[PDB]
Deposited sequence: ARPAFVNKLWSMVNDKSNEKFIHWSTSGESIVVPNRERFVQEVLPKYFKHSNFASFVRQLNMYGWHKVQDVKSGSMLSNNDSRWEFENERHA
């Protein structure tokens, strides 16, 4: 039995009906959430009760996932990568 958060993230990134809100990158090295707000109100509520993006991000951190900061100087786009890679 994997932790509930790991299971939920897995099912949400892989479920085809969440495609437009959260999905793997073509390479699989990261998870893409095109628009934070659409995801927060269309996907989060199906997996967590009293869900909020802040919690989601904290949880992801617990599992080694960090926000990709590659925007040079669309703050609604979020991408996550894990500390553990090949």
Extract from the deposited sequence all ranges with no corresponding C-alpha coordinates, numbering residues from 1.
74-79
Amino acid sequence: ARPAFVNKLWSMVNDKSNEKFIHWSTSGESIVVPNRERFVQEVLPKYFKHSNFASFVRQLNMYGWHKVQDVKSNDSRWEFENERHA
From here on, numbers count along this sequence of modelled residues.
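We call the rigid core the largest set of C-alpha positions that still match within 1.5 Å between the two forms.
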Stretch 52-60 versus stretch 25-33: after rigid core alignment, which one is farther off in C-alpha RMS in 5 other deposited structures of this protein?
25-33
Which of the two stretches, 74-82 or 9-17, moves more in 5 other deposited structures of this protein when the core is held fixed, judged by C-alpha RMS distance?
74-82
Check the entry's C-alpha temperature factors for 10-18 and 61-69, then say which stretch has the higher mean.
10-18
Stretch with the higher entry mean CA B-factor, where the candidates are 24-32 and 46-54
46-54
